[PDB]
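Q: Got a structure for you, model-v8.cif, holding mmCIF, C-alpha atoms (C1' of nucleotides).
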data_protein
#
loop_
_atom_site.group_PDB
_atom_site.id
_atom_site.type_symbol
_atom_site.label_atom_id
_atom_site.label_comp_id
_atom_site.auth_asym_id
_atom_site.auth_seq_id
_atom_site.Cartn_x
_atom_site.Cartn_y
_atom_site.Cartn_z
ATOM 1 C CA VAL A 204 29.269 -97.877 -28.558
ATOM 2 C CA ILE A 205 31.640 -97.522 -25.618
ATOM 3 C CA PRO A 206 30.214 -95.572 -22.669
ATOM 4 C CA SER A 207 31.575 -94.346 -19.405
ATOM 5 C CA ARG A 208 30.560 -96.900 -16.703
ATOM 6 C CA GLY A 209 28.412 -99.227 -18.771
ATOM 7 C CA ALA A 210 28.269 -102.276 -21.031
ATOM 8 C CA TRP A 211 29.498 -102.541 -24.615
ATOM 9 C CA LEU A 212 27.789 -103.458 -27.882
ATOM 10 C CA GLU A 213 29.183 -103.951 -31.389
ATOM 11 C CA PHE A 214 27.427 -104.267 -34.756
ATOM 12 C CA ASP A 215 30.009 -105.908 -36.981
ATOM 13 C CA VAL A 216 29.821 -107.226 -40.539
ATOM 14 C CA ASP A 217 31.049 -110.795 -40.930
ATOM 15 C CA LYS A 218 32.638 -112.623 -43.848
ATOM 16 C CA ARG A 219 29.028 -113.088 -44.970
ATOM 17 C CA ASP A 220 26.473 -110.271 -44.765
ATOM 18 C CA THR A 221 25.001 -111.130 -41.346
ATOM 19 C CA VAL A 222 25.427 -108.104 -39.074
ATOM 20 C CA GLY A 223 26.564 -109.576 -35.751
ATOM 21 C CA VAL A 224 25.290 -107.830 -32.615
ATOM 22 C CA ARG A 225 27.782 -109.084 -30.021
ATOM 23 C CA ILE A 226 26.525 -107.556 -26.769
ATOM 24 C CA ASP A 227 28.760 -107.523 -23.660
ATOM 25 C CA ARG A 228 31.225 -109.738 -25.603
ATOM 26 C CA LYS A 229 28.849 -112.689 -26.053
ATOM 27 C CA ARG A 230 28.964 -113.245 -29.809
ATOM 28 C CA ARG A 231 26.000 -114.239 -31.941
ATOM 29 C CA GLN A 232 22.518 -113.091 -32.886
ATOM 30 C CA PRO A 233 21.994 -110.787 -35.908
ATOM 31 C CA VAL A 234 20.117 -107.495 -35.774
ATOM 32 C CA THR A 235 16.540 -108.776 -35.911
ATOM 33 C CA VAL A 236 17.093 -110.285 -32.459
ATOM 34 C CA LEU A 237 17.765 -106.847 -30.992
ATOM 35 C CA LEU A 238 15.101 -105.172 -33.132
ATOM 36 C CA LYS A 239 12.227 -107.499 -32.304
ATOM 37 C CA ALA A 240 13.638 -107.602 -28.775
ATOM 38 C CA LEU A 241 13.058 -103.847 -28.782
ATOM 39 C CA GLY A 242 9.526 -104.501 -30.011
ATOM 40 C CA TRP A 243 9.997 -103.689 -33.693
ATOM 41 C CA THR A 244 7.934 -105.608 -36.222
ATOM 42 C CA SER A 245 9.094 -106.963 -39.568
ATOM 43 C CA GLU A 246 6.979 -104.323 -41.322
ATOM 44 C CA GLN A 247 8.832 -101.456 -39.635
ATOM 45 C CA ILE A 248 12.162 -103.239 -40.164
ATOM 46 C CA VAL A 249 11.285 -103.450 -43.867
ATOM 47 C CA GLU A 250 10.253 -99.784 -43.866
ATOM 48 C CA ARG A 251 13.332 -98.267 -42.212
ATOM 49 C CA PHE A 252 15.723 -100.856 -43.676
ATOM 50 C "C1'" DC B 1 130.941 -119.004 61.917
ATOM 51 C "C1'" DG B 2 126.148 -119.862 62.951
ATOM 52 C "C1'" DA B 3 121.698 -118.074 63.602
ATOM 53 C "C1'" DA B 4 117.435 -115.387 63.543
ATOM 54 C "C1'" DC B 5 114.295 -113.668 60.241
ATOM 55 C "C1'" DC B 6 111.203 -112.654 56.755
ATOM 56 C "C1'" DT B 7 108.651 -113.875 53.517
ATOM 57 C "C1'" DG B 8 107.598 -116.487 49.013
ATOM 58 C "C1'" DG B 9 104.036 -119.455 49.093
ATOM 59 C "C1'" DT B 10 100.856 -124.215 50.427
ATOM 60 C "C1'" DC B 11 97.395 -125.463 52.787
ATOM 61 C "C1'" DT B 12 93.770 -126.054 56.247
ATOM 62 C "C1'" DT B 13 89.937 -124.793 59.740
ATOM 63 C "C1'" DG B 14 86.232 -122.360 61.201
ATOM 64 C "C1'" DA B 15 82.865 -118.804 61.132
ATOM 65 C "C1'" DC B 16 80.024 -115.829 58.208
ATOM 66 C "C1'" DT B 17 77.162 -114.156 54.134
ATOM 67 C "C1'" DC B 18 74.372 -114.312 50.632
ATOM 68 C "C1'" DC B 19 71.686 -115.382 47.088
ATOM 69 C "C1'" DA B 20 69.502 -119.309 44.104
ATOM 70 C "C1'" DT B 21 65.727 -122.351 44.409
ATOM 71 C "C1'" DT B 22 61.766 -124.603 44.998
ATOM 72 C "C1'" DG B 23 57.257 -124.601 47.663
ATOM 73 C "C1'" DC B 24 52.994 -123.302 48.995
ATOM 74 C "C1'" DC B 25 49.402 -119.951 49.127
ATOM 75 C "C1'" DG B 26 46.435 -116.498 48.321
ATOM 76 C "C1'" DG B 27 44.724 -113.849 45.094
ATOM 77 C "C1'" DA B 28 44.580 -111.672 39.952
ATOM 78 C "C1'" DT B 29 44.171 -111.931 35.206
ATOM 79 C "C1'" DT B 30 43.526 -114.503 31.273
ATOM 80 C "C1'" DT B 31 41.091 -117.586 28.267
ATOM 81 C "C1'" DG B 32 37.525 -120.593 26.825
ATOM 82 C "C1'" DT B 33 32.505 -122.118 26.528
ATOM 83 C "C1'" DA B 34 27.376 -121.667 27.024
ATOM 84 C "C1'" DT B 35 23.286 -118.688 26.324
ATOM 85 C "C1'" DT B 36 20.377 -115.118 25.226
ATOM 86 C "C1'" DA B 37 12.621 -116.574 22.285
ATOM 87 C "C1'" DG B 38 8.374 -110.991 18.593
ATOM 88 C "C1'" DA B 39 9.775 -111.416 13.400
ATOM 89 C "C1'" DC B 40 13.543 -111.579 10.048
ATOM 90 C "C1'" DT B 41 14.617 -116.799 4.646
ATOM 91 C "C1'" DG B 42 18.520 -117.321 -2.112
ATOM 92 C "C1'" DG B 43 25.442 -111.971 -2.744
ATOM 93 C "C1'" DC B 44 26.581 -107.182 -4.473
ATOM 94 C "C1'" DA B 45 29.877 -106.344 -7.758
ATOM 95 C "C1'" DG B 46 32.939 -104.517 -11.135
ATOM 96 C "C1'" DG B 47 34.745 -104.205 -15.762
ATOM 97 C "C1'" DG B 48 35.153 -105.010 -21.698
ATOM 98 C "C1'" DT B 49 41.365 -103.210 -23.510
ATOM 99 C "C1'" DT B 50 48.040 -106.104 -27.351
ATOM 100 C "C1'" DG B 51 50.363 -109.068 -30.710
ATOM 101 C "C1'" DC B 52 51.613 -113.218 -32.053
ATOM 102 C "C1'" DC B 53 51.506 -117.883 -31.953
ATOM 103 C "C1'" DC B 54 50.075 -122.901 -31.004
ATOM 104 C "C1'" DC B 55 46.929 -126.049 -30.364
ATOM 105 C "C1'" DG B 56 42.914 -128.198 -28.520
ATOM 106 C "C1'" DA B 57 38.019 -128.234 -28.408
ATOM 107 C "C1'" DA B 58 32.971 -127.026 -30.236
ATOM 108 C "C1'" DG B 59 30.069 -126.786 -34.022
ATOM 109 C "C1'" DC B 60 28.461 -126.905 -38.812
ATOM 110 C "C1'" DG B 61 28.275 -128.436 -43.916
ATOM 111 C "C1'" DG B 62 27.986 -132.685 -46.146
ATOM 112 C "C1'" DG B 63 27.283 -137.248 -47.488
ATOM 113 C "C1'" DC B 64 25.940 -142.126 -45.777
ATOM 114 C "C1'" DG B 65 23.406 -146.072 -43.574
#
Show this structure as structure tokens.

A:
Amino acid sequence: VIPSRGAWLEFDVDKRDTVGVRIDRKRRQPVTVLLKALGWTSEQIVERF
DNA sequence: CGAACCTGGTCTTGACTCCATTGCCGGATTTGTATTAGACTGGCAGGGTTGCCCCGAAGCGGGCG
């Protein structure tokens, strides 16, 4: 998700199935980190995904 | 036949000129330092891009005392 004048973010898929959410080129932290960081609960994560 | 001469220099003496060369001296400018009393208290800031390779370091699975 490359913008004009901003920071980057990538949602890869590893050799395993853990979707890596490397933000501003600081690799780790699968998607639930960003989702519950956004305020999403495990119920809504189960519902949409 | 000798003799003046006339003129190359070779050199000196004496007066004159003229400009460096310090030397103060008075002032001009140049450069350095000190001091300003209301109150003020943790940066802006700019980008992330290749490919390939080597190798050294961090961290994690996996057994072991």

Q: Please check the contacts: residues of chain B at most 10 Å away from chain A, using all atoms listed in the file, listed as a ChimeraX atom specification.

A: /B:46-48

Q: For the selection just defined, write its residues with C-alpha atoms (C1' of nucleotides) to a file, as a PDB file, keeping the file's coordinate frame.

A:
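out_14.pdb was written with the following content:
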ATOM      1  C1'  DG B  46      32.939-104.517 -11.135  1.00  0.00           C
ATOM      2  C1'  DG B  47      34.745-104.205 -15.762  1.00  0.00           C
ATOM      3  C1'  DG B  48      35.153-105.010 -21.698  1.00  0.00           C
TER       4       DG B  48
END

Q: For a test of reading the model, state the distance in Å between atom CA of residue 221 of chain A and atom CA of residue 233 of chain A, rounded to one decimal.

A: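 Atom CA of residue 233 of chain A lies 6.2 Å from atom CA of residue 221 of chain A.
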
Q: As JSON, please: the centre and edge lengths in Å, to one decimal, of an axis-aligned box enclosing every listed atom of segment 239-248 of chain A with 5 Å added on each side.

A:
{"center_x": 10.3, "center_y": -104.5, "center_z": -35.0, "size_x": 16.7, "size_y": 16.1, "size_z": 22.5}

Q: For the atom pair atom CA of residue 248 of chain A and atom CA of residue 230 of chain A, what is the interatomic distance in Å to one decimal place?

A: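 If I compute the distance from atom CA of residue 248 of chain A to atom CA of residue 230 of chain A, I get 22.1 Å.
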
Q: Let me make sure I understand: among A:249, A:206, A:241, A:213, which one has the smallest atom-to-atom distance to residue 229 of chain A if we use all atoms listed in the file?

A: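 Closest to residue 229 of chain A of all the choices is A:213.
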
Q: Figure out the distance between atom CA of residue 214 of chain A and atom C1' of residue 60 of chain B, please, to one decimal in Å.

A: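 So the answer is 23.0 Å.
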
Q: Quick one: of A:246, A:204, A:252, A:239, who's nearest to residue 225 of chain A, counting all atoms listed in the file?

A: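 Checking each of A:246, A:204, A:252, A:239 against residue 225 of chain A, counting all atoms listed in the file, the winner is A:204.
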
Q: Report as a list in words the residues that result from applying the PyMOL selection byres ((chain A and resi 236) around 12) to the structure here.

A: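 Selected by the PyMOL selection byres ((chain A and resi 236) around 12) here: residues 221, 222, 223, 224, 225, 226, 231, 232, 233, 234, 235, 237, 238, 239, 240, 241, 242, 243, 244, 245 and 248 of chain A.
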
Q: If I only have part of segment 232-249 of chain A, can you fill in N, CA and C atoms and write it as a PDB file, in the coordinates of the input?

A:
ATOM      1  N   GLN A 232      23.817-113.759 -32.896  1.00  0.00           N
ATOM      2  CA  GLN A 232      22.518-113.091 -32.886  1.00  0.00           C
ATOM      3  C   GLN A 232      22.425-111.836 -33.737  1.00  0.00           C
ATOM      4  N   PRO A 233      22.168-111.963 -35.038  1.00  0.00           N
ATOM      5  CA  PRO A 233      21.994-110.787 -35.908  1.00  0.00           C
ATOM      6  C   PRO A 233      20.865-109.847 -35.489  1.00  0.00           C
ATOM      7  N   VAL A 234      20.776-108.728 -36.226  1.00  0.00           N
ATOM      8  CA  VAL A 234      20.117-107.495 -35.774  1.00  0.00           C
ATOM      9  C   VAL A 234      18.640-107.655 -35.478  1.00  0.00           C
ATOM     10  N   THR A 235      17.972-108.614 -36.125  1.00  0.00           N
ATOM     11  CA  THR A 235      16.540-108.776 -35.911  1.00  0.00           C
ATOM     12  C   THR A 235      16.240-109.250 -34.500  1.00  0.00           C
ATOM     13  N   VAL A 236      17.210-109.913 -33.864  1.00  0.00           N
ATOM     14  CA  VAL A 236      17.093-110.285 -32.459  1.00  0.00           C
ATOM     15  C   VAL A 236      16.960-109.046 -31.587  1.00  0.00           C
ATOM     16  N   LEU A 237      17.844-108.068 -31.785  1.00  0.00           N
ATOM     17  CA  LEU A 237      17.765-106.847 -30.992  1.00  0.00           C
ATOM     18  C   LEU A 237      16.583-105.979 -31.407  1.00  0.00           C
ATOM     19  N   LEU A 238      16.184-106.035 -32.675  1.00  0.00           N
ATOM     20  CA  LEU A 238      15.101-105.172 -33.132  1.00  0.00           C
ATOM     21  C   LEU A 238      13.751-105.667 -32.638  1.00  0.00           C
ATOM     22  N   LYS A 239      13.452-106.947 -32.849  1.00  0.00           N
ATOM     23  CA  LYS A 239      12.227-107.499 -32.304  1.00  0.00           C
ATOM     24  C   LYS A 239      12.295-107.639 -30.792  1.00  0.00           C
ATOM     25  N   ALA A 240      13.499-107.716 -30.221  1.00  0.00           N
ATOM     26  CA  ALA A 240      13.638-107.602 -28.775  1.00  0.00           C
ATOM     27  C   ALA A 240      13.252-106.215 -28.296  1.00  0.00           C
ATOM     28  N   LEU A 241      13.504-105.192 -29.111  1.00  0.00           N
ATOM     29  CA  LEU A 241      13.058-103.847 -28.782  1.00  0.00           C
ATOM     30  C   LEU A 241      11.564-103.674 -28.991  1.00  0.00           C
ATOM     31  N   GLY A 242      10.926-104.595 -29.695  1.00  0.00           N
ATOM     32  CA  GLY A 242       9.526-104.501 -30.011  1.00  0.00           C
ATOM     33  C   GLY A 242       9.224-104.067 -31.420  1.00  0.00           C
ATOM     34  N   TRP A 243      10.194-104.127 -32.322  1.00  0.00           N
ATOM     35  CA  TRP A 243       9.997-103.689 -33.693  1.00  0.00           C
ATOM     36  C   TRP A 243       9.484-104.847 -34.536  1.00  0.00           C
ATOM     37  N   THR A 244       8.484-104.573 -35.366  1.00  0.00           N
ATOM     38  CA  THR A 244       7.934-105.608 -36.222  1.00  0.00           C
ATOM     39  C   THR A 244       8.694-105.677 -37.540  1.00  0.00           C
ATOM     40  N   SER A 245       8.442-106.761 -38.280  1.00  0.00           N
ATOM     41  CA  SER A 245       9.094-106.963 -39.568  1.00  0.00           C
ATOM     42  C   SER A 245       8.652-105.929 -40.590  1.00  0.00           C
ATOM     43  N   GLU A 246       7.435-105.400 -40.449  1.00  0.00           N
ATOM     44  CA  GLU A 246       6.979-104.323 -41.322  1.00  0.00           C
ATOM     45  C   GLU A 246       7.811-103.060 -41.130  1.00  0.00           C
ATOM     46  N   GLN A 247       8.041-102.656 -39.879  1.00  0.00           N
ATOM     47  CA  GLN A 247       8.832-101.456 -39.635  1.00  0.00           C
ATOM     48  C   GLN A 247      10.305-101.678 -39.943  1.00  0.00           C
ATOM     49  N   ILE A 248      10.797-102.908 -39.761  1.00  0.00           N
ATOM     50  CA  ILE A 248      12.162-103.239 -40.164  1.00  0.00           C
ATOM     51  C   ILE A 248      12.306-103.144 -41.680  1.00  0.00           C
ATOM     52  N   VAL A 249      11.285-103.583 -42.416  1.00  0.00           N
ATOM     53  CA  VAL A 249      11.285-103.450 -43.867  1.00  0.00           C
ATOM     54  C   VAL A 249      11.202-101.980 -44.268  1.00  0.00           C
TER      55      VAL A 249
END
